[PDB]
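Please read the structure below before turning to the comments.
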Amino acid sequence: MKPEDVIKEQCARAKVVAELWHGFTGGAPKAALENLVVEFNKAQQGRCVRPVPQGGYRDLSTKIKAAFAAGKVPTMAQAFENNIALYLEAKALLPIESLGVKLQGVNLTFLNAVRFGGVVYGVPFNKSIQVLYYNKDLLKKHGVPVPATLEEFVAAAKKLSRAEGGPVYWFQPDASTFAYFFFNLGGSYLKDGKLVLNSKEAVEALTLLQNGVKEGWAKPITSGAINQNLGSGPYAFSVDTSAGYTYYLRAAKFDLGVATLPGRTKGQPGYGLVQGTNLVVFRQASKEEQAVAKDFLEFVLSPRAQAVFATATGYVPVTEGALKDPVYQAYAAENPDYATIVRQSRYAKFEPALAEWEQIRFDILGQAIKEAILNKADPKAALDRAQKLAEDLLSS
Ligand SMILES: Nc1nc2c(ncn2[C@@H]2O[C@H](COP(=O)(O)O[C@H]3[C@@H](O)[C@H](n4ccc(=O)[nH]c4=O)O[C@@H]3CO)[C@H]3CC(O)(O)C[C@H]32)c(=O)[nH]1
Ligand code: NA
């Protein structure tokens, strides 16, 4: 019996059920969420959370949009910072501390990101950082150190690619991969509060990827996740969400490494994109539903729940207390990758929290990166188009 079967049963015998719409399609993240919910439901007296899978995160936002039109929101959902900004336009969200959920010791990297007009509207739950995944076997084979700088990263990819006869830096042509290169070549999306997609650092970042493809050291992955493509051709590195850890581990036929991101200099690791989601609570939910939300959120923020979630998935523990939990400690003592993910979570950048950001990152920025990388569109012309489309979307 799967944990979602156990939850369906707990929920059947409950007098209040708080629905939690999420965007986990399976693997470790879906299992860890459900296991956490099973445990919460068991300590309650007929008060339950029902996790409802809505597809991926994009399917999730579309389902929540539909929910607003219909006037039937769930009690909780996962949200990106930009989803929070959008739901706040609708005034759809309960201030988190109005529930009496205590947030002291939540990492300010995550807590800052859920604060709008000084008010916290989300609980950091499943927060990821990009890390460098690598093939320790293939690097040892050719005597190539883990690269510490972007310069060493490009040299390693070129040297390994020539040795193995194939592009060893694997990347998705998407906003998430672009963010790593953009941020770490000095880029910033907002200039005096205006969204700029076509700055010289944008052009430089997209050019580096496109030159990578031409020169034969960067391999665009067009079909499924990087971890879904492992096994065809030599692989040295990717830059990818920490929540892909269990996916990399299950798929890898080689000894998997995790490192901090290459930076401009050895003085500091590069910045990683913060991804995954916060839990929000909808004004429309009943007093009783909101009360279960309140208890669920205190449970999810407990050191044990965060320790178990983070060690099962590769997400970043969102609390100082999680790091002092002995379950976390015992995982970290036998697996240094958990410390690597925490170390990398210190060098952490967000995309803009604009209501329209979801549409822009996929259908505009995402497209322009695909045009340059897959159709050999001029990097600057592809981003000049993106800038034009985003300004049309954002205008007035
Ligand atoms: N809607 C919307 N999505 C957004 C936004 N910002 C970023 N993202 C997407 O967040 C994903 C990273 O979030 P994360 O929770 O760190 O990782 C996910 C999965 O990515 C990852 N996974 C799943 C299957 C698999 O084979 N491998 C694997 O690594 O496991 C986790 C649960 O699904 C990226 C994925 C993307 O959709 O291509 C674009 C990115 C936004 O603002 N809105
Ligand atoms: Na999955």
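Position 1 is the first residue of the sequence; numbering continues from there. Whatever order the structure lists them in is the order used to number ligands and atoms, beginning at 1.
For ligand 1, the atoms closer than 4.0 angstrom to any heavy atom of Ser176 are 39 (C), 40 (C). Those atoms of ligand 1 with a heavy atom of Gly276 less than 4.0 angstrom away are 13 (O), 14 (P), 15 (O), 16 (O). Close approach to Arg58 involves these atoms of ligand 1, each under 4.0 Å from a residue heavy atom: 1 (N).
Enclosure of atom OH in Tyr271 is not indicated, since only 12 or fewer non-hydrogen atoms of other residues, nucleotides or ligands lie within 6.0 angstrom.
Salt bridge status for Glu288 with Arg47: absent, with no side-chain N to carboxylate O gap under 4.0 Å. Taking a cutoff of 4.0 Å between a charged side-chain nitrogen and a carboxylate oxygen, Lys294 and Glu289 do not qualify as a salt bridge. Note on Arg58 versus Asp363: salt bridge recorded, some NZ/NE/NH1/NH2 to OD/OE distance being below 4.0 Å. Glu351 has a carboxylate O that lies under 4.0 Å from a charged side-chain N of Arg361, or vice versa, which qualifies the two as a salt bridge. One finds a salt bridge joining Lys194 and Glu391 here, because a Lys/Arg side-chain nitrogen approaches an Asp/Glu carboxylate oxygen to under 4.0 Å. Salt-bridge check for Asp59 with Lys63: failed, with every basic side-chain N at 4.0 Å or more from each acidic carboxylate O. Between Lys2 and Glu34, none of the side-chain N atoms (NZ, or NE/NH1/NH2) sits under 4.0 Å from a carboxylate O, so this pair counts as no salt bridge.
If you check which protein heavy atom lies closest to atom 42 (O) of ligand 1, you get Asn82 ND2, 2.7 Å. Looking from atom 29 (O) of ligand 1 to the surrounding protein, the closest heavy atom is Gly244 CA, 3.2 Å. Atom 34 (C) of ligand 1 has its closest protein heavy atom at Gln275 OE1, 3.6 Å. At the top of the distance list for atom 1 (N) of ligand 1, counting protein heavy atoms only, stands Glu358 OE1, 2.9 Å. Scanning the protein for heavy atoms near atom 33 (O) of ligand 1, the closest one is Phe24 CD2, 4.4 Å. Nearest non-hydrogen protein atom to atom 37 (O) of ligand 1 is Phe362 CZ, 3.7 Å. Of all protein heavy atoms, the one lying nearest to atom 8 (N) of ligand 1 is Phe80 CZ, 3.4 Å.
In this structure, the side chain of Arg115 does not engage the main chain of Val120 through any donor-acceptor pair within 3.5 Å.
The option with the heavy atom closest to atom 20 (O) of ligand 1, from among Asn229, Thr241, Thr25, is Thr241.
Considering backbone and side-chain atoms together, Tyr247 places no N or O closer than 3.5 Å to any N or O of ligand 1. Looking at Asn227 next to ligand 1, an N or O pair under 3.5 Å apart turns up. The shortest N or O to N or O distance between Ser128 and ligand 1 is under 3.5 Å.
The shortest heavy-atom distance from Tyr315 to ligand 1 is under 4.0 Å.
Only the side chain of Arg361 comes within 4.0 Å of ligand 1, judged by heavy-atom distances. Of the heavy atoms in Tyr57, both backbone and side-chain atoms come closer than 4.0 Å to ligand 1.
Under a cutoff of 6.0 Å and an axis angle of 45°, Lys30 and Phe24 do not form a cation-pi pair.
Angle OH(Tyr247) to the Na ion (ligand 2) to OG1(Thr25): 130° [nearest 10 degrees].
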The test is side chain to side chain donor-acceptor pair (under 3.5 Å); show your working for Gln359 and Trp357 and say whether it passes. CA-CA 6 Å; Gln359 179 172 342; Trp357 178 240; over 6 Å; no
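Using a 4.0 Å threshold on non-hydrogen atoms, atom 39 (C) of ligand 1 counts as touching the protein.
Of the options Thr75, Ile7, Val16, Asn41, a side-chain contact (heavy atoms from CB on, under 4.5 Å) to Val49 is made by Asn41 and by none of the others.
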